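Top line first, the protein sequences correspond to chains B and A.
Each residue of the first sequence is one higher than the one before, starting from 3 at the first, in the authors' numbering.
Each residue of the second sequence is one higher than the one before, starting from 3 at the first, in the authors' numbering.
Protein chains: 2
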Amino acid sequence: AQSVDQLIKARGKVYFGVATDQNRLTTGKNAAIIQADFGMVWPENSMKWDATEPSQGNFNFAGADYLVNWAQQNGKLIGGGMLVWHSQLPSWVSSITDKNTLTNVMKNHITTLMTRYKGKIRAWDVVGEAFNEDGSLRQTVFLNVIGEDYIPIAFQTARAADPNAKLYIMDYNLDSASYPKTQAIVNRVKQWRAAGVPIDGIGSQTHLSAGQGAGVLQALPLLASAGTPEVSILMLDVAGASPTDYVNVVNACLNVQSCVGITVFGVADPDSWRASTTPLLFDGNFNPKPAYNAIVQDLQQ
Amino acid sequence: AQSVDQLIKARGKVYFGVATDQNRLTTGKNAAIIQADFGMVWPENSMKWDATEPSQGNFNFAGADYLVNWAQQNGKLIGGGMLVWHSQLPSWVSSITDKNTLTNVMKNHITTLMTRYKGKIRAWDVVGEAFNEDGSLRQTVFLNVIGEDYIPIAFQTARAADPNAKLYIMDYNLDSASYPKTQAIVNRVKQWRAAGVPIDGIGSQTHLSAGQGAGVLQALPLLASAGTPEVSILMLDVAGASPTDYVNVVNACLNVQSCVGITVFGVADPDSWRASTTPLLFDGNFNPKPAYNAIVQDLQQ
Ligand SMILES: O=[N+]([O-])c1ccc2nn[nH]c2c1
Ligand SMILES: O=[N+]([O-])c1ccc2nn[nH]c2c1
């Protein structure tokens, strides 16, 4: 089956990517499909905070190491995250109330992960899901204890740890241009970058319902108006996996000069976090679905 | 769907189990099927040596902790392994040439894992795949460096770490009573048990091709002739998933008084290590397959 990564590279983009991990690569047909058809891998779970630092200073890198090794042996790009995120956050972190302690705990978590893989990771999602739906900053432990400068500190710490990685902020429900969360993140990123914060990218965690593809054609250009060097579409899946929805998201990428690529959130439907909505590009028999073929067609023209 | 675990408990057995791990329980329909239909879980990868001790004395428990917690919350039995195995073995272990050092490394690995989950684990696979196909002992780093006492030492150490747990040796290609490996593990286990080695169980890692189920009716009673308190069928899958092959394996279990239960190597076909042979009991849409219903009927007759 024709490679969507090759085709999107031929249209001037960097990658078509997919989330995976060790036990995906040793089961099913996932390794063969990724080798043939995708240009970048992301860790489905193995770089999250509760997988990598379940207790203070007790780092667990076996899973992440496997993925990074596999990607290098097979000539794929590699992304990483979530470095700073309130979900799947171990209790030992959320129980901290001292500002200096939490600051150093955050800095050490960022520095340790990025150092280990220094120079091998194209992009890191440094901070994720930092905004409320009304556009105010989400009141996580980091905001409550450190304050609003936790985002500047995180990005400056990450830039120091690996200056070769592109540093992203990411969030979800950025899929419509009239939604308050979309314009808020644009405005805050503008202001942070004007003050010298090294935010290289905005990543849009794109979990869509049927029919919401079309809206990304006007949301993604808006996200790009923040002036970051890059934007990306991340963790993509679409309930029903209609070709129309998937083609609209791909075309939004193509229409936006700074959008470097697209990452789908898994290979085959039965391995999706919402498998009953069959929202991915390959079915339970690892056959390409009509949406995969529609994307190929769209990219060929 | 009717629960094969409830039905096999009704026939006087302990469990019908499945291998799983954290990212299976958060994707597909695996958690719901396990909750409804299976009585025991085993770690697909999270307790192997490369996952738990990737550098000497530095242990990684995030993935294993998740599985143990989930099982306790949902009222399921838990198994564990492999403690001593030549595959998925970090290179820091396989490069040790000193007998004392390797003995202590092996004992520390066993003792640390078993102590952490002391009293919570029904059975541990202490030693796996220790035999060659001709019935001689496999020349692994443990055999080359420590000698054949490594198996006695492993079991003695395991018994002291958690006396509640059932201790197993396991291997594959024990599916034919006339195959030399089958008689060889019987010979050795009888000798070890006569020397007081605490081997509670032989686990048969049952990876079958079409038509091989019938032979297990003779092989499993032969394995039981070693006199261990228990035997089990583990990591079960069958190319083609013929009802006749699966029912023959279940009936071998039922016929052998010391056989405590059966564990299948995953829930749904696309998540198998040999998915193209569709060898499991649920298909790529998470529907029970003919073999599942045939097992249900067999357990009710
Ligand atoms: O795009 N992605 O599928 C993806 C998956 C996991 C991640 N963790 N951090 N960023 C991620 C992106
Ligand atoms: O029964 N099993 O499927 C199973 C899976 C993994 C294991 N590791 N040790 N024993 C195991 C059994």
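Even for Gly, the Cβ is constructed at its ideal location relative to N, Cα and C.
- Local Cβ density within 10 Å of A/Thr103, reported as buried at 16 or more and exposed below that: In the second sequence, the residue the question calls residue 103 of chain A occupies position 101. So A/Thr103 ends up on the exposed side.
Can you give me, in chain order, the residues of the stretch 192-214 of chain B that have a beta carbon less than 8 Å from any beta carbon in chain A? none
Spatial neighbours of B/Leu224 within its chain, please: CB distance less than 8 Å, with the 5 preceding and 5 following residues excluded, ordered by chain position.
Sequence index remark: in the first sequence, residue 224 of chain B carries index 222 (1-based). These residues qualify, in order along the chain: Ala179, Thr184, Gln185, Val188.
- Between the beta-carbon of A/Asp285 and the beta-carbon of A/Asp271, is there less than 7 Å? Position 283 of the second sequence, counted from the start, is the residue given in the question as residue 285 of chain A. Position 269 of the second sequence, counted from the start, is the residue given in the question as residue 271 of chain A. Cβ atoms of A/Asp285 and A/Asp271: closer than 7 Å.
With 16 as the cutoff for other CB atoms within 10 Å, does A/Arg140 come out buried or exposed? Within the second sequence, numbered from 1, the residue matching residue 140 of chain A stands at position 138. With fewer than 16 other Cβ atoms within 10 Å, it is exposed.
* Could you name the residues, in chain order, whose CB is less than 5 Å away from a heavy atom belonging to ligand 1? -> B/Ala21, B/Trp44, B/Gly83, B/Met84, B/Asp127, B/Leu236, B/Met237, B/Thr265, B/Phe267
TODO: Please report the residue range of the alpha helix (DSSP H) in which B/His88 lies.
DONE: Numbered from its first residue, the first sequence carries residue 88 of chain B at position 86. No alpha helix (DSSP H) holds B/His88; DSSP gives it neither H nor E.
Chain A contacts from the stretch 163-189 of chain B (Cβ-Cβ distance under 9 Å): none
### Query
Going by other Cβ atoms of all chains shown within 10 Å of its Cβ, with 16 needed for buried, is B/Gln75 buried or exposed?
What you label residue 75 of chain B is simply residue 73 of the first sequence in a count that begins at 1. Label assigned to B/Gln75: exposed.
(message) Can you pull out the residues from the stretch 251-281 of chain B whose beta carbon lies closer than 7 Å to at least one beta carbon of chain A?
(response) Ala270, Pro272, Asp273, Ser274, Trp275, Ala277
Which of the three DSSP states, helix, strand or coil, is assigned to A/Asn60? Translated into positions along the second sequence, residue 60 of chain A becomes position 58. In this structure, A/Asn60 counts as strand in the three-state DSSP scheme.
* To do: Give the secondary structure of B/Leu176 by DSSP, where H, G and I count as helix, E and B as strand, and everything else as coil.
  => Mapped onto the first sequence, residue 176 of chain B falls at position 174. In this structure, B/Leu176 counts as coil in the three-state DSSP scheme.
* To do: Tell whether a beta-carbon distance below 7 Å holds between A/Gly30 and A/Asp127.
  => On the second sequence, residue 30 of chain A is found 28 positions in, with the first residue counted as 1. On the second sequence, residue 127 of chain A is found 125 positions in, with the first residue counted as 1. Contact: no.
request  = Give the residues of chain B in contact with A/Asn62, contact being defined as C-beta atoms less than 9 Å apart.
outcome  = In the second sequence, counting from the first residue as 1, residue 62 of chain A sits at position 60. Correct list: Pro56, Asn60, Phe61, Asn62, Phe63, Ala64, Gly65.
task: Using only alpha-carbon positions, find the residue among B/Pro45, B/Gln24, B/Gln58 that is nearest to residue 352 of chain A.
output: In the structure as shown, chain A begins at 3 and stops at 303. Residue 352 of chain A is therefore absent and cannot be evaluated.
Under 7 Å between C-beta atoms, does residue 2 of chain B make it to chain A? Any question about residue 2 of chain B goes unanswered here, given that chain B covers just 3 to 303.
Drop a sphere of 10 angstroms on the beta-carbon of B/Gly81, count the other beta-carbons inside from all chains shown, and report buried for 16 or more, exposed for fewer. Counted from its first residue, the first sequence places residue 81 of chain B at position 79. Result: buried.
| query | Are there 16 or more other CB atoms within 10 angstroms of the CB of B/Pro292, so buried, or fewer, so exposed? | reply | Along the first sequence, one-based indexing puts residue 292 of chain B at 290. The residue in question, B/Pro292, is exposed, as its Cβ has fewer than 16 Cβ neighbours within 10 Å.
Item checked: Min CB distance A/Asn106 to chain B below 7 Å -> To locate residue 106 of chain A, count along the second sequence from 1; it is residue 104. Answer no: the Cβ-Cβ gap between A/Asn106 and chain B never drops below 7 Å.
**Request:** Determine which residues of the stretch 12-28 of chain B have a Cβ less than 9 Å from any Cβ of chain A, and write them out in chain order.
**Result:** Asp23, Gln24, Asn25, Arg26, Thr28
Q: Along the beta strand (DSSP E) that carries B/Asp127, what are the first and last residues, could you check?
A: Here residue 127 of chain B corresponds to residue number 125 of the first sequence, with the count starting at 1. First-last of the beta strand (DSSP E) with B/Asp127: 125-130.
**Request:** Keeping to the same chain, check which residues put their C-beta closer than 7 Å to that of A/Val240; ignore five residues upstream and five downstream.
**Result:** Along the second sequence, read from residue 1 onward, the residue named residue 240 of chain A stands at position 238. Correct list, in chain order: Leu210, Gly215, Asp247, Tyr248, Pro281.
Boundaries of the alpha helix (DSSP H) in which B/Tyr248 is found, first to last residue: Here residue 248 of chain B corresponds to residue number 246 of the first sequence, with the count starting at 1. Looking at the DSSP string, the run of the alpha helix (DSSP H) that includes B/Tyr248 is 245-257.
I need the DSSP call for A/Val147, collapsed to helix, strand or coil.
In the second sequence, counting from the first residue as 1, residue 147 of chain A sits at position 145. Of the three classes helix, strand and coil, the one that applies to A/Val147 here is helix, per DSSP.
(Q) By the three-class DSSP mapping on this structure, what secondary structure does B/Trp72 have? (A) Position 70 of the first sequence, counting from 1, holds the residue named residue 72 of chain B. Helix at B/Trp72.
Looking only at DSSP bridge pairs, what is A/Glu232 linked to?
-> Within the second sequence, numbered from 1, the residue matching residue 232 of chain A stands at position 230. A/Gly203, per the DSSP bridge assignment.
Is there a C-beta anywhere in chain B that falls below 7 Å from the one on A/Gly81?
Against the second sequence, residue 81 of chain A aligns to sequence position 79. Cβ-Cβ to chain B under 7 Å: no for A/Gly81.
Next item on the list: Kindly indicate if chain A contains any beta-carbon less than 7 Å away from that of B/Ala53.
Entry: Taking the first sequence and counting its residues from 1, the one referred to as residue 53 of chain B is at position 51. Answer yes: the Cβ-Cβ gap between B/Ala53 and chain A drops below 7 Å somewhere.
Fill in: Reference A/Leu91, options A/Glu55, A/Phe133, A/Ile36, A/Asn71, closest by Cα
In the second sequence, the residue the question calls residue 91 of chain A occupies position 89. Answer by Cα proximity: A/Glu55.
What are the start and end residues of the beta strand (DSSP E) that includes B/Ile264?
For the purposes of this step, residue 264 of chain B is taken as the residue at position 262 of the first sequence. 261-266 is the span of the beta strand (DSSP E), which, as asked, contains B/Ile264.
Kindly indicate the opening and closing residues of the alpha helix (DSSP H) around A/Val95.
Along the second sequence, one-based indexing puts residue 95 of chain A at 93. Counting along the chain, the alpha helix (DSSP H) containing A/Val95 begins and ends at 93-96.
- Query: Cα separation between B/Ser138 and B/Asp173?
  - Reply: Position 136 of the first sequence, counted from the start, is the residue given in the question as residue 138 of chain B. Position 171 of the first sequence, counted from the start, is the residue given in the question as residue 173 of chain B. Whole-angstrom Cα-Cα distance: 13 Å.
* Asked: CB A/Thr113 to CB A/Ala66, shorter than 7 Å?
  -> One-based indexing of the second sequence puts residue 113 of chain A at position 111. One-based indexing of the second sequence puts residue 66 of chain A at position 64. The answer is no: Cβ separation not under 7 Å.
- Interface residues of chain B around A/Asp285 at Cβ under 8 Å? Sequence index remark: in the second sequence, residue 285 of chain A carries index 283 (1-based). Residues of chain B passing the Cβ test: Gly286.
Handout entry: Sequence-distant residues of its chain with Cβ nearer than 6 Å to A/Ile35 (five each side left out)
Key = One-based indexing of the second sequence puts residue 35 of chain A at position 33. Around A/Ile35: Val269.
Requested in this report: Take A/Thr265 as the anchor and find which of A/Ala21, A/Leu219, A/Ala3, A/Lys11 has the nearest alpha-carbon.
Outcome: Sequence index remark: in the second sequence, residue 265 of chain A carries index 263 (1-based). Selected option, being the one with the closest Cα: A/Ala21.
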